[PDB]
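# Architecture and fold: a report
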Amino acid sequence: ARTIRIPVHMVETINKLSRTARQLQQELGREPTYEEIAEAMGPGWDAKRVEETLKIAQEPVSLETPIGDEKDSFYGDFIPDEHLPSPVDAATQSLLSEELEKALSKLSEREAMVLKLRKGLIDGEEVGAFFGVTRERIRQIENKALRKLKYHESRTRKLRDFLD
Amino acid sequence: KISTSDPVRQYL
Amino acid sequence: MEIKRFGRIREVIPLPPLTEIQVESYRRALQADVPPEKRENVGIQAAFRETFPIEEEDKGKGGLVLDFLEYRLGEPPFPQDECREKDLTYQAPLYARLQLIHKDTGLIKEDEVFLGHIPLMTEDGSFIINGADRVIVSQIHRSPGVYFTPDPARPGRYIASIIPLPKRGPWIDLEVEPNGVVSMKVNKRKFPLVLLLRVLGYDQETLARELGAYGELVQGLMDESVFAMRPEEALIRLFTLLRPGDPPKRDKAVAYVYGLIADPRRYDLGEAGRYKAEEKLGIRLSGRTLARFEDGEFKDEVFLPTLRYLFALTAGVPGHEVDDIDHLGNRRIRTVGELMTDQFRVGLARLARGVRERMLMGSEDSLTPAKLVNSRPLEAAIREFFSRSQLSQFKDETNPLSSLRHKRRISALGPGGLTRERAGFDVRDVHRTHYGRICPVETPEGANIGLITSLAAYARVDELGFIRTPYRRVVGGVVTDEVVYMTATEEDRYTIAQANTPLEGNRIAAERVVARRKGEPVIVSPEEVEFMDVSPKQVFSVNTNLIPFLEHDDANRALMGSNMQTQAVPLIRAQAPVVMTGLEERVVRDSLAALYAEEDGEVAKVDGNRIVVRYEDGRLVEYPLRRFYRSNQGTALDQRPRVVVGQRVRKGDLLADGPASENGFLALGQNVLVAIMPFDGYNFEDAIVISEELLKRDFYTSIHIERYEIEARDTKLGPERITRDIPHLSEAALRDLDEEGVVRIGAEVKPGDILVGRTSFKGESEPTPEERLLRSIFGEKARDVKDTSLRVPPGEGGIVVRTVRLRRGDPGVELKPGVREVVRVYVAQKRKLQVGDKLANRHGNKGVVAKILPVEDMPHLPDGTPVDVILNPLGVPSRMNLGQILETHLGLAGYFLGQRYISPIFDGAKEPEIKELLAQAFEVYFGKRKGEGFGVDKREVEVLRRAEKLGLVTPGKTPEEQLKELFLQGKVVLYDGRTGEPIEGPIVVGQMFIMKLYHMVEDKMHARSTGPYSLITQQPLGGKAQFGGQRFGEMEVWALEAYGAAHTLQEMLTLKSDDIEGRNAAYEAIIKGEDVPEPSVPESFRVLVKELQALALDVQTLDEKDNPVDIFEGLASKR
Amino acid sequence: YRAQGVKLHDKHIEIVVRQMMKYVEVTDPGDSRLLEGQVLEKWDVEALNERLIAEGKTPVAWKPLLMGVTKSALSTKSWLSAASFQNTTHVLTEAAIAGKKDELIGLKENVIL
Amino acid sequence: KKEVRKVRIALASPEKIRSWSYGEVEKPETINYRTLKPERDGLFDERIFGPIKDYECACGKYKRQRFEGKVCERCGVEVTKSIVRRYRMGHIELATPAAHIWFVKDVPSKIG
Amino acid sequence: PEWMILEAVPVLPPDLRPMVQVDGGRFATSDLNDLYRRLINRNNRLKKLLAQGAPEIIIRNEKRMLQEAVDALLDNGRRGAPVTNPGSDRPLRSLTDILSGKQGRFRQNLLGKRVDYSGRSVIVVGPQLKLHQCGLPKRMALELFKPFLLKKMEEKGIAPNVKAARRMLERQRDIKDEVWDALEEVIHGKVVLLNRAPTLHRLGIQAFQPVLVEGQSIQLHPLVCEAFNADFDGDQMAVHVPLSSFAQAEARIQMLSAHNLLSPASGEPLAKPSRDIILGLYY
Amino acid sequence: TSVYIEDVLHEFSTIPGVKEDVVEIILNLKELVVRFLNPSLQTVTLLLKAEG
Ligand SMILES: CO[C@H]1/C=C/O[C@@]2(C)Oc3c(C)c(O)c4c(O)c(c(/C=N/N5CCN(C6CCCC6)CC5)c(O)c4c3C2=O)NC(=O)/C(C)=C\C=C\[C@H](C)[C@H](O)[C@@H](C)[C@@H](O)[C@@H](C)[C@H](OC(C)=O)[C@@H]1C
Ligand SMILES: [Mg+2]
Ligand SMILES: [Mg+2]
Ligand SMILES: [Mg+2]
Ligand SMILES: [Mg+2]
Ligand SMILES: [Mg+2]
Ligand SMILES: [Mg+2]
Ligand SMILES: [Mg+2]
Ligand SMILES: [Mg+2]
Ligand SMILES: [Mg+2]
Ligand SMILES: [Mg+2]
Ligand SMILES: [Mg+2]
Ligand SMILES: [Mg+2]
Ligand SMILES: [Mg+2]
Ligand SMILES: [Mg+2]
Ligand SMILES: [Mg+2]
Ligand SMILES: [Mg+2]
Ligand SMILES: [Mg+2]
Ligand SMILES: [Mg+2]
Ligand SMILES: [Mg+2]
Ligand SMILES: [Mg+2]
Ligand SMILES: [Mg+2]
Ligand SMILES: [Mg+2]
Ligand SMILES: [Mg+2]
Ligand SMILES: [Mg+2]
Ligand SMILES: [Mg+2]
Ligand SMILES: [Mg+2]
Ligand SMILES: [Mg+2]
Ligand SMILES: [Mg+2]
Ligand SMILES: [Mg+2]
Ligand SMILES: [Mg+2]
Ligand SMILES: [Mg+2]
Ligand SMILES: [Mg+2]
Ligand SMILES: [Mg+2]
Ligand SMILES: [Mg+2]
Ligand SMILES: [Mg+2]
Ligand SMILES: [Mg+2]
Ligand SMILES: [Mg+2]
Ligand SMILES: [Mg+2]
Ligand SMILES: [Mg+2]
Ligand SMILES: [Mg+2]
Ligand SMILES: [Mg+2]
Ligand SMILES: [Mg+2]
Ligand SMILES: [Mg+2]
Ligand SMILES: [Mg+2]
Ligand SMILES: [Mg+2]
Ligand SMILES: [Mg+2]
Ligand SMILES: [Mg+2]
Ligand SMILES: [Mg+2]
Ligand SMILES: [Mg+2]
Ligand SMILES: [Mg+2]
Ligand SMILES: [Mg+2]
Ligand SMILES: [Mg+2]
Ligand SMILES: [Mg+2]
Ligand SMILES: [Mg+2]
Ligand SMILES: [Mg+2]
Ligand SMILES: [Mg+2]
Ligand SMILES: [Mg+2]
Ligand SMILES: [Mg+2]
Ligand SMILES: [Mg+2]
Ligand SMILES: [Mg+2]
Ligand SMILES: [Mg+2]
Ligand SMILES: [Mg+2]
Ligand SMILES: [Mg+2]
Ligand SMILES: [Mg+2]
Ligand SMILES: [Mg+2]
Ligand SMILES: [Mg+2]
Ligand SMILES: [Mg+2]
Ligand SMILES: [Mg+2]
Ligand SMILES: [Mg+2]
Ligand SMILES: [Mg+2]
Ligand SMILES: [Mg+2]
Ligand SMILES: [Mg+2]
Ligand SMILES: [Mg+2]
Ligand SMILES: [Mg+2]
Ligand SMILES: [Mg+2]
Ligand SMILES: [Mg+2]
Ligand SMILES: [Mg+2]
Ligand SMILES: [Mg+2]
Ligand SMILES: [Mg+2]
Ligand SMILES: [Mg+2]
Ligand SMILES: [Mg+2]
Ligand SMILES: [Mg+2]
Ligand SMILES: [Mg+2]
Ligand SMILES: [Mg+2]
Ligand SMILES: [Mg+2]
Ligand SMILES: [Mg+2]
Ligand SMILES: [Mg+2]
Ligand SMILES: [Mg+2]
Ligand SMILES: [Mg+2]
Ligand SMILES: [Mg+2]
Ligand SMILES: [Mg+2]
Ligand SMILES: [Mg+2]
Ligand SMILES: [Mg+2]
Ligand SMILES: [Mg+2]
Ligand SMILES: [Mg+2]
Ligand SMILES: [Mg+2]
Ligand SMILES: [Mg+2]
Ligand SMILES: [Mg+2]
Ligand SMILES: [Mg+2]
Ligand SMILES: [Mg+2]
Ligand SMILES: [Mg+2]
Ligand SMILES: [Mg+2]
Ligand SMILES: [Mg+2]
Ligand SMILES: [Mg+2]
Ligand SMILES: [Mg+2]
Ligand SMILES: [Mg+2]
Ligand SMILES: [Mg+2]
Ligand SMILES: [Zn+2]
């Protein structure tokens, strides 16, 4: 029946929710605030639960629907796009990568690449970050190269203007 | 033509 | 200042209460002010009675009788202003008395059930649905009756039409095609126009002889005698003619339907239908429509007269039976009341629908309250009408006038059932009958023209929507002060004359004096003049009546002038025209701009916010003044007190002025001295030159208010907090963000400043690997939130004047779901005149400011006073409104003579009277000049020389005398100002009123570099802050196609809008000063190819030699 | 136009009208059966090489046909162009079945690309 | 690389239906609420139509550009952004055929 | 011709038949998807009906639905019209409806698209302006030539880099008067196009050199007010930008105003002393 | 060149007991003509407070 699959339990749940809302419409003259529905429903029903269930109960909408003066308005032209780097972002990635790449070279290809690859290449482990050399040399070059890198970048201000 | 009637007729 | 008014046509009756249409309709509609005892039972009470007696008898057990007693609605849930502060729909509560009967002993009466919250009307005539004041516009259509129109394609003979509205309810037509058939159609198929008369009881002999002895067509009626020889059997035979395969036996069931109740309308038994009858055709009515259910034998005093008139219309002159559809006596106007009452009864039916089901559901007798009534229908129904009806619109308060008019408009389109989009030209033209009933100038200059228009001055909807217009009676050569509001139809039976007829009182003065019989101009004698026009004003609308010398202005441009007023924006400095028509007073008064004094007394306190007046009756009341309110279109509405402390007020005198009133008179724009000549190019097609001086004095200046709004939404990622915290860069921007979160009142906000702050979460569900490293490098512990904060949208903002925040514990407000809290920000801004602005006189001269000149060098008169605006002449010949050139001339007089005048519509000032005042002005102008010590210039004489060689001044007279002549002509000498030399040849100048037009959102010159993109279509889209791209239409394409603009077109199709990979590399390239790249394939193309692929077809691009090539860069090859 | 003040060079109307005659009719076949309406120059192509380069004079007898500017375009070489205005549905169906190679010439078809 | 000089519409061979496709949509499973992810094999599956994220994979075994043209060992994802997710085609395998209404109901039934 | 029969239904891409989050949690999906499910479910139920065992009537019954379904995605309405459940008796857009439609694909593929470097404001007569140029609001020029300016900012001391140059201009109060001097320098010899409401002939779009100016209005020359049917009672003209060195080349070579003086309709000039000029020259 | 009402924050406000609105008053001030006698006075702040 639905586009967004809903197991049999949620279904009966929704029927119960509906039925209950019916008995509640019976006398108030007030379309029940989600307080009544919780009560009348039973054991563990609360406002967050009902607002959630009726939110799933609403079937979707035709992404393509006649809008405004239905002369020729199809709903889906108005939704923007998120993954796509609007020009502004493509420009970002260019300088960012070019300058990040310039700093990465003039440095020791040691603890810089460790943290560059550990952070920018795979997933986000100080100890498990460096090859054979233990933690002491990691923190040693990480924090000393990371700061010489930041403080000379403070001189030739290129990065300061937060690319983000 | 129209689909319901035909099957209804069909098995009925 | 003094006032002198010129024309004398004794205005016999004052103009009617301009909103009577909107006010009275809703009054009769809902007769609630008066007990159910009072007789007016139309509308609500009527719609109620209409569907209340619910008879449900047998299918199981029944005998249901639910009956209506009295309708009563009384205590408003909340009040007007509260309804606008809080999002609220001001509606009165209604619950009528109900009692359901039983076939078993017992009648349970469950007194009240409040179903349906129905909106109420403001004393002005406008509503308050949701936040904004709304208006219900009237409509027009074929008034339910019966007419005979010429047949479609065959030149031969015409056919009959029986029109029964509501929709459900037959639509009959009688047509005769003699080779052997007659045609009467209800839903569609045909049959003989006699099998029916037989059924009712009309036999071949009595019928044919009495009806058509004089009509030989009687022969087609007695033709199929075989069936005409069996009465009641004809009843079953027609039943048979209808087609389902129905039971022959159904005693008197279907005959009932085309009989008494439903289908034939249940309107008024005596007028809503019987009017169209006795005058047009036939004579009587035995129940509203063809109705009876007493003996099983039906009576039809309507079925025979229709054919009677067809035999009559076809055979000569019983009268001349041809119905011009567009006659207003055929076309009816739906006042608000009817529009609401209909939606009210539609709901009553929806209600009555569900209740019938519950006459069976309720176990035993206790079923009165909840068992029969559910308020769900009535609510949705009525509610849908005031909020979604294509009829109920936003109020048009760009200034009182504008709104008021928007409250008295009559539109075509609407219900969808009446005149829609298709049909037009016959309707769209100004029909003959449109006289005094509809303006012929008012309709909207645009695609939808003539279908939407406001009525006229004295036009009034009588009993049923038929615009009547007042015409006074003239018995013999005697004219009366008595007036008859005549229907469109009756107007034709008489010989009517125009008001311009020289009158001595009751005596007509010229033998051969104009009159117009029926849409035809006819020179009639004083002895034939039956009736006379009531006024020149009644011919047009209010909106139009405000134009000075309408008389000398082309109806075409006069329209412009009338719609221009509707766009008038309220200036902090109002000004009434130097020359008025006569209704400025009445407009402000009847509209609800200024506040008038109820009864006589003295003034107590005169605050800037209240005038507590003391009436002589021993009472005193405080009159609040809407200080600074937000008009739907963002124009200021302030009431400025004009009365000092302790002042004896006359009943009905202005205590304070309306948004746009000077002294109880309508005032918009501001009379300004104007020269009417060409300047460099500054005023070339329709450009206007303005003197800086106009801005020195706060003359054209106006206050605006845009109400920015932002919501704290609940995302599953975490609530969007509204806090002074703006995560990434400065406190400089946080200054005006004084209150934690909100912006401080009185703060000057420029584009790009935070109006309100808010914090939402960064990603959709997951954090960021790369952003993880950066944060860590300079400060890992970084507020993992996102700046989503209401900012000042490009364009403009002013100083914040009011703010509203609704948090968690809601008082009595409606917070939408998901909506945690809302934050309104009212901003205000002074809009001083500037080059981009457009101003236009009441005549139609519309135009934009092209240059603001330094008082230093603009045209200056002999005495140092300079001109404010210089209008191009050229814009006047083509267009044909000399009325403006007439205004400027009276204006010049009013300048030196320090006085305003009132020039009626067509009766007003005359060319000699103006030359007379100009004569008086020459003495103030030049008289003081004589005494102050000096005479005439070398320049003044020089221009005289060139002026006599022209032909403006009588050669041989003295300069002093010559200049008078020249002045009387309306023009005076002007010196350059830049050179000080004169402008060879006199130029006219004077006091012309000019308004400033409201700036739309579009005005905000858009301009977009890069921005969002639609989701499905990859073309640029704007909205909130990014402007949204302009459309490159085919017409534009061709324009480039014509040119050798190859790339430029490519770009427009690729790089600029759809080339996904294109635009991106495009930007970057530009950024790196790279000569933009060569276009990749457009997404329009790809979207297509696949759309196409989605269907069996295969579209494959090919090479030089027929071989593949690739559009989808690398994504289509598999895996 | 003249009667209305406008003074437009004949040239333009000519260009148009010509296209109302880009097609004719067939009555003496060679490659494709007789009753067919096809582009006049496209036959001047057939007849030309059928009598000049390849022998066997199989005269392609045609009959000058006049068709309305609407129809002239309604049916043309490129289906792309035809998909636009007529019956997007039919235009394709046929263009498909026949394996149509839209040589891009003309601005409407080559713009879509 | 070569200029597109000729476009051509031609009929679809069922074998070509499958040539353009990836996987077979075999179940009416849009997206299941709890995780706004593609349900099972259904209409949105990542194998059938493609991954939904930049240069990265679904699980993340390979995440940048160095190896831009290779696919993941335990899960299949070759990348350049989600555009591939809007250009790729999937197909349904019909039980007993049916025919195109586009060829059966045009005035001249091209099959009739 | 053996292909006209269908046994393998191509399915349209996914992002082309989105599933999207709206407000409160509303979602939005291409109508195409409800049609696909139709088919998939029927195709599946068919399989399972064959396998379970097969009573003729029911197998055809399904086969029928199946068929109908296969129509639906392809083209809806040719034979009956499919509906989303009670809410909108609306034809779910069929792929067909996508291509043709009231406002479909090839169709709107020629109605228009939105240019990325565009603008539009009210126009106002520019009497001193020469045919050659046009007055363009600097405020507008800024957004328009944004990227061209950014880089130019970097070539001068005004900013260190792009991202910088960007934030430098994100707010109105932050612009150093040095930026205008940069923009005014970027626009040196570049030109833009101006359009009018109905573009009726090729001169409905003309190219000119911008001379940056204050305020909101766009200064247009009087002589070309005749090519574009533009009068000054609120007429607004759009404005576009030639990005490639080529697009600019053509634009200013064969599309600039002062080069197309004589009409294509008649060898008569269209650059004629219109209204006010004659009146002057005549007197 | 500038004005400071003590309880008023923006120009579009209204002061109780005061018939005129801020904007009307600031307008009236533009009407005010003062005259200082020597260069030493470039910017003079005039003060005024009245009640009841
Ligand atoms: C019932 O609400 C809507 C129904 C739509 O459906 C539909 C199909 O049914 C309609 C009716 C039944 C109408 O009777 C109708 C009008 O009467 C009308 C216009 C349209 N007028 N515009 C056209 C554009 N121009 C502009 C000037 C520069 C160029 C462009 C200004 C006038 C219009 O299209 C109409 C219309 C429809 O389209 N107007 C005029 O008569 C007029 C000449 C001036 C009035 C101007 C006010 C400023 C305006 O009234 C405003 C307060 C709002 O009320 C409306 C916008 C309203 O929107 C909301 C929301 O409330 C809709 C009418
Ligand atoms: Mg359960
Ligand atoms: Mg149930
Ligand atoms: Mg409670
Ligand atoms: Mg459900
Ligand atoms: Mg459409
Ligand atoms: Mg280094
Ligand atoms: Mg190194
Ligand atoms: Mg190294
Ligand atoms: Mg080193
Ligand atoms: Mg690593
Ligand atoms: Mg990373
Ligand atoms: Mg690891
Ligand atoms: Mg670890
Ligand atoms: Mg290790
Ligand atoms: Mg260690
Ligand atoms: Mg630096
Ligand atoms: Mg058939
Ligand atoms: Mg009177
Ligand atoms: Mg009177
Ligand atoms: Mg009471
Ligand atoms: Mg009782
Ligand atoms: Mg009131
Ligand atoms: Mg609101
Ligand atoms: Mg016909
Ligand atoms: Mg009927
Ligand atoms: Mg008789
Ligand atoms: Mg007959
Ligand atoms: Mg009578
Ligand atoms: Mg009767
Ligand atoms: Mg009778
Ligand atoms: Mg019913
Ligand atoms: Mg009871
Ligand atoms: Mg039609
Ligand atoms: Mg008119
Ligand atoms: Mg139009
Ligand atoms: Mg139209
Ligand atoms: Mg009535
Ligand atoms: Mg008359
Ligand atoms: Mg007589
Ligand atoms: Mg007026
Ligand atoms: Mg008076
Ligand atoms: Mg009192
Ligand atoms: Mg009182
Ligand atoms: Mg008040
Ligand atoms: Mg006193
Ligand atoms: Mg007095
Ligand atoms: Mg001043
Ligand atoms: Mg002033
Ligand atoms: Mg601080
Ligand atoms: Mg972010
Ligand atoms: Mg998140
Ligand atoms: Mg997510
Ligand atoms: Mg911290
Ligand atoms: Mg931010
Ligand atoms: Mg905005
Ligand atoms: Mg400001
Ligand atoms: Mg509470
Ligand atoms: Mg709420
Ligand atoms: Mg809440
Ligand atoms: Mg407010
Ligand atoms: Mg401004
Ligand atoms: Mg004076
Ligand atoms: Mg004076
Ligand atoms: Mg005199
Ligand atoms: Mg004298
Ligand atoms: Mg507007
Ligand atoms: Mg952006
Ligand atoms: Mg933008
Ligand atoms: Mg290409
Ligand atoms: Mg192909
Ligand atoms: Mg002529
Ligand atoms: Mg030819
Ligand atoms: Mg040969
Ligand atoms: Mg041979
Ligand atoms: Mg053609
Ligand atoms: Mg064709
Ligand atoms: Mg077709
Ligand atoms: Mg290529
Ligand atoms: Mg195959
Ligand atoms: Mg698949
Ligand atoms: Mg492996
Ligand atoms: Mg592998
Ligand atoms: Mg595995
Ligand atoms: Mg046909
Ligand atoms: Mg959304
Ligand atoms: Mg379905
Ligand atoms: Mg089996
Ligand atoms: Mg559905
Ligand atoms: Mg269709
Ligand atoms: Mg110059
Ligand atoms: Mg200039
Ligand atoms: Mg600026
Ligand atoms: Mg910007
Ligand atoms: Mg800074
Ligand atoms: Mg400076
Ligand atoms: Mg204009
Ligand atoms: Mg306008
Ligand atoms: Mg425009
Ligand atoms: Mg020519
Ligand atoms: Mg104080
Ligand atoms: Mg002194
Ligand atoms: Mg001194
Ligand atoms: Mg001194
Ligand atoms: Mg000095
Ligand atoms: Mg001093
Ligand atoms: Mg001092
Ligand atoms: Mg003090
Ligand atoms: Zn993986």
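About the cut-offs
Residues numbered from 1 in each chain as written, not as in the entry; some residues may be left out. Chains lettered and ligands numbered in written order. Part of a larger assembly, values for the part shown. Heavy atoms only, no water. Residues with missing side-chain atoms left out of burial classes, pairs and counts. Contact = heavy atoms within 4.5 Å. Buried area = accessible area lost by both parts, 1.4 Å probe. Salt bridge = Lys/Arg side-chain N within 4 Å of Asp/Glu carboxyl O. Polar contact = N/O pair within 3.5 Å; in protein donor to acceptor, adjacent residues only side chain to side chain. Helix = DSSP H or I, 4+ residues; strand = E, 2+ residues; numbered from the N terminus. Pairing = 2+ DSSP bridges. Axes fitted to C-alpha atoms, helices over the stretch in contact; angles between N-to-C directions. Nonpolar A, V, L, I, M, F, W, Y, C, P; charged D, E, K, R; others polar. Donors = N, O, S within 2.8 Å, 3.2 Å for Na, K, Ca; no water. Buried < 20%, exposed > 50% of the residue type's maximum accessible area, 1.4 Å probe, protein only. Near = heavy atom within 4 Å. Areas by Shrake-Rupley, 256 points an atom, 1.4 Å probe, with all protein chains shown as cover. Core = buried A, V, L, I, M, F, W, Y, C linked by side-chain atoms within 4.5 Å. Patch = residues over 30% accessible without salt bridge, like charges linked within 9 Å, V, L, I, M, F, W, Y side chains within 5 Å. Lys, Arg positive; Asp, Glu negative; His and termini not counted. Charge placed at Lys NZ, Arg CZ, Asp CG, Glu CD. Domains from an automatic or database assignment. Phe/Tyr/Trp six-rings, centres within 6.5 Å; stacked < 30°, edge-to-face > 60°. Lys NZ or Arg CZ within 6 Å of the ring centre and 35° of its normal.

Attention now moves to the interface of chain F and chain C. Counting from both sides, the interface comprises 89 residues of chain F and, opposite them, 86 residues of chain C. Of the roughly 8,100 Å² buried between chain F and chain C, counting both surfaces, carbon and sulfur atoms make up 58%. On the surface where chain F and chain C come into contact, there are four salt bridges. The shortest N-O distance in the salt bridge between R173 of chain F and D753 of chain C comes to 3.4 Å. Taken together, chain F and chain C are joined by 34 residue pairs in polar contact. Here the side of chain F that touches chain C gets seven residues from one element, more than from any other, and that element is strand β4 (residues 118–125) of chain F.

So, about the sheet that holds strand β3 (residues 64–68) of chain C. Residue and element names in this part refer to chain C. Taking strand neighbours across the sheet as the criterion, the four strands line up as β2-β3-β5-β6 in an open arrangement whose pairing is antiparallel. The two strands at the open ends of the sheet, each matched to only one other strand, are β2 (54–56) and β6 (108–109). In this structure, β2 lies alongside β3, joined through three bridges in antiparallel fashion. In the strand pairing of β3, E55 is matched with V65. Taken strand by strand, helix α12 (residues 336–361) contacts β2 and β3, and its axis lies near 35° from that of β2.

Now for the packing of helix α1 (residues 20–29) of chain C against α12 of chain C. The description of two helices packed together rests on the angle between their axes and the distance between the axes. All names here are of chain C. The contact between α1 and α12 brings their axes to 6 Å, and the two run at 35°. Side by side, α1 and α12 meet where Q22, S25, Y26 and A29 of the first sit next to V336, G337, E338 and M340 of the second. Of the residues belonging to the contact of α1 with α12, the class tally is four nonpolar, three polar and one charged.

The next point concerns the coordination of the magnesium ion (ligand 81). All of the protein donors around the magnesium ion (ligand 81) are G23 of chain E (O) and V25 of chain E (N); their distances to the metal are 2.5 to 2.6 Å. Taken as a pair, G23 of chain E and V25 of chain E share a single burial class, namely buried.

Attention now moves to the site of ligand 1. Close contacts around ligand 1 come from 15 residues, with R134, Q390, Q393, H406 and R409 of chain C the closest. Looking at what sits near ligand 1, you find residues from chains A and C. In the model, an oxygen atom of ligand 1 is placed 2.9 Å from a nitrogen or oxygen of the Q393 of chain C side chain. Coverage of ligand 1 by the protein amounts to 54% of the 1,000 Å² it exposes when considered alone. At three residues, strand β15 (residues 392–394) of chain C tops the list of elements feeding residues into the shell around ligand 1.

Formed by 77 residues in total, the largest nonpolar core has its most connected members in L144, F145, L149, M153, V179, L183 and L194 of chain F. Those residues in contact with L183 of chain F that lie beyond four places of it in its chain are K138, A141, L142, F145, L149 and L212 of chain F. Ranked by size, the runner-up nonpolar core spans 65 residues in total, among them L104 of chain D together with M19, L74 and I98 of chain F.

Turning our attention to unusual backbone geometry. Residue and element names in this part refer to chain C. Between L165 and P166 the backbone carries a cis peptide bond, its omega angle lying at 0°. Looking at the secondary structure, you find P166 in the loop between β11 (159–162) and β12 (172–177). One non-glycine residue, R1119, lies in the positive phi region at around 85°. Residue placement: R1119 occurs in the segment after β50 (1098–1099). Among the residues examined, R1119 registers a relative accessible area of 59% and is labelled exposed.

With that out of the way, let us pick up a negative patch on the surface. A cluster of acidic residues, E1068, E1074, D1075 and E1078 of chain C, forms a negative patch at the surface. Mapped onto the elements of the fold, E1074 of chain C is located in the loop between α28 (1060–1071) and α29 (1083–1093).

Moving on: a nonpolar patch on the surface. Among the surface-exposed residues, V3, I5, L29, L32, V34, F36, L41, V44 and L46 of chain G lie close enough to one another that they form a single nonpolar patch of about 760 Å² accessible area. Note on placement: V34 of chain G falls in the segment after α1 (22–30).

Before going further, it helps to spend a moment on the interface of chain E and chain A. Contact with chain E, which involves nine residues of that partner, is made by ten residues of chain A. For the pair chain E and chain A, the summed buried area comes to about 1,000 Å², and 56% of that belongs to carbon and sulfur atoms. Scanning the region where chain E abuts chain A turns up two salt bridges. Connecting chain E to chain A are four residue pairs in polar contact. In the side of chain E that touches chain A, the residues fall into four nonpolar, two polar and three charged.

The subject of this paragraph is the environment of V825 of chain C. Residue and element names in this part refer to chain C. Among the secondary structure elements, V825 is positioned in strand β41 (residues 819–832). The spatial distance from the C-alpha of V825 to the C-alpha of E720 is 18 Å, given a sequence separation of 105 residues. Non-local contacts of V825, meaning those with residues more than four positions away in its chain, are made with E706, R707, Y708, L755, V756, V800, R802 and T803.

Here the domain parsing of chain A yields domain 1 (6–59) and domain 2 (85–161). Computed over C-alpha atoms only, the centres of domain 1 of chain A and domain 2 of chain A are separated by 53 Å.

This paragraph deals with the side chain of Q248 of chain F. Position of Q248 of chain F relative to the elements: it lies in helix α9 (residues 245–254). Once residues within four sequence positions are removed from consideration, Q248 of chain F is found in contact with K190, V191, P242 and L243 of chain F.

Let us now look at the packing of aromatic side chains. With the rule as written, the count across this model stands at 28 aromatic pairs over all chains. Measuring from centroid to centroid gives 4.5 Å for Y494 of chain C and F531 of chain C, while their planes differ by 55°, and the two rings are tilted. Highlighted residues: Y494 of chain C in the loop between α16 (490–493) and β21 (496–497) and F531 of chain C in strand β24 (residues 531–533), separated in sequence by 37 residues. A single burial state applies to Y494 of chain C and to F531 of chain C, both of which are buried. Ring centres of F896 of chain C and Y925 of chain C lie 5.1 Å apart, and the angle between their planes is 15°; this geometry places the pair in the stacked category. With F896 of chain C in helix α22 (residues 883–896) and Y925 of chain C in helix α23 (residues 911–931), this residue pair connects regions lying 29 residues apart in the sequence. With a relative accessible area of 11%, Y925 of chain C lands in the buried category. The rings of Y895, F896, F922, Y925, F926 and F967 of chain C are connected pair by pair, giving a single aromatic cluster. The residue whose ring lies beneath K150 of chain A is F778 of chain C, and the NZ or CZ to ring-centre distance is 5.8 Å. The ring of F679 of chain C has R978 of chain C lying over it, and the distance from NZ or CZ to the ring centre is 5.6 Å.

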